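A single chain, nothing else alongside it, follows as structure tokens in the form deposited in one PDB entry.
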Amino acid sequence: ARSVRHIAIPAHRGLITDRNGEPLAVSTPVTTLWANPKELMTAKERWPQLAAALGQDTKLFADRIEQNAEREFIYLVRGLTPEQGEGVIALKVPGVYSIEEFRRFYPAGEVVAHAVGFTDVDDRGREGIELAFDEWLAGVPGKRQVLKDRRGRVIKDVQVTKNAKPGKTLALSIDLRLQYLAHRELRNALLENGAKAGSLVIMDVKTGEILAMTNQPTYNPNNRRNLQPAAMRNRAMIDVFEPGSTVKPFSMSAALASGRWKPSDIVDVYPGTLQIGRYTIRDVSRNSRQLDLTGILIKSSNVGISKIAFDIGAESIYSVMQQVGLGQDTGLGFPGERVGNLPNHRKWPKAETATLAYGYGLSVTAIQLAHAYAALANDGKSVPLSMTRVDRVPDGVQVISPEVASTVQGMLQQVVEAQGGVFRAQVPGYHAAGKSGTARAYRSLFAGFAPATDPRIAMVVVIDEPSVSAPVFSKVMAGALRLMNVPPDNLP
């Protein structure tokens, strides 16, 4: 005669904004439609009109209901515009009930899909920040006490057992303005250079905040009809790649810290090749004998960096790379994030020392490389990575000594000004610094920070299988510094 079950009360799921309160993920009211089959079986004359008004086949609908005859409840349609749901309600069919419900909407859409992520039909995070802060955002579902009837008639509620608690607002470190800039210029380059996938990260070197993270290809999380698993891949967090020549600045920092190297010291790279048993280190352009250390970067000499590494040892280079976070957990707690590989030897071989010095044998994510570069721009100080707005900045760790870090910044500044600039990479108005890298078709890498005299932004551009990165960097950096009203530092 009487039965007491418990239908839960959906919590309003917390708003996600960028730095500036711009909505990135919003709980939209919608309407589900369910029905008591036992109620529906007393109204079989009504089913064809209900099927029709649900776009479901008359005889399939009937079958669906017949074979759920003894079951108390089923879902008709989830997530109609409340009016669409209201029209179905007008039909006033016995047994057809509604529940109001929240469905997430993503106003920035594809622009920031990998960072924000998306929910599943339960309104429960299943990628990105939506999944990473699902606690914070979800809030406590309330519960209803009510009275059963012979086939599912609700009579009343005994008491409000649980008031539903809303989830909490979440403001990201992303600046949707810089995010849009990066999204756009990255996508142009992919097309302009005939390339397959991309990534671009922008970090605030002072606060640890990720200002922008974008990837190509990307998807529209509002329209997930055809899945395309490659498009949803948040590469900046997930693709480990080998970083190549963009770790030569940390090799160099190890050298300048050893006590044995200053930038005007000389290495002989004649003839542009070097052997270790069967392994042969090749430079890309081999018309050099003596180079100074700024020159080994400007001429992108693998032989020169390996010769410095042999003198100082791989252990020193490994230690600098580990202190900046290469191949180390970032603590972001983002879903399926990859740690990467930093190889360790008790006795490093000459071949293994050479490859590590020039970026091979280790694998990193773009977030790690950006973070390492941010540690270089802030003068050797690593502020912890953050994907949420940082109003009170945590203390940073000194991982490279400031004189050495300041010295490395200058060499990188000379890398952009004398050669590695004039065709691409010079950021107009500000002194920029950075290092290019080429990873096998190949993968095009560029990492750097700006402005050179009070560094603010660190940036990584990763572009795969092109038919390169330095313009993407130069353009995105230019606009990013302007969006932040960073006064130019290239002055008379």
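So that the term is clear: the rigid core is the largest set of C-alpha atoms that superpose within 1.5 Å between two forms. Residue numbers here begin at 1 and follow the sequence given.
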Would you mind checking whether any residues of the deposited sequence sit unmodelled between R440 and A441, and how many (none, 1 to 3, 4 to 9, 10 or more)?
10 or more
Averaging C-alpha B-factors over each stretch, which comes out higher, 446 to 454 or 32 to 40?
32 to 40
Taking the mean of the C-alpha B-factors per stretch from the entry, tell me the winner out of 327 to 335 and 399 to 407.
327 to 335
From the entry's CA B-factor values, the highest among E72, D379, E185, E242 is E72
Reading the B-factor column for Cα atoms of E86, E209, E315, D134, the highest value belongs to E86
Just say lowest, middle or highest third for the CA B-factor of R153 relative to the other modelled residues in its chain.
highest
Going by what the PDB entry lists, where does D204 fall on CA B-factor within its chain: lowest, middle or highest third?
lowest
Lowest, middle or highest third: where is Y279 by C-alpha B factor in its chain?
highest
Quick check on the deposited entry: does the C-alpha B-factor of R64 sit in the lowest, middle or highest third of its chain?
highest
Select lowest, middle or highest to describe the third in which the CA B-factor of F102 falls within its chain in this entry.
middle
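There is also a form deposited in another entry; it is not shown, and the following applies to it.
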Against the rigid core, a Cα displacement of 2 Å or more between the shown form and the other one applies to just one of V339, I266, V284, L91. Which?
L91
Core-superposed C-alpha of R144 shifting 2 Å or more between the shown form and the other one
yes
So, does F310 move by 2 Å or more at the CA between the shown form and the other one, with the core held fixed?
no
Fitting the rigid core first, would the Cα of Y75 be found 2 Å or more away between the shown form and the other one?
yes
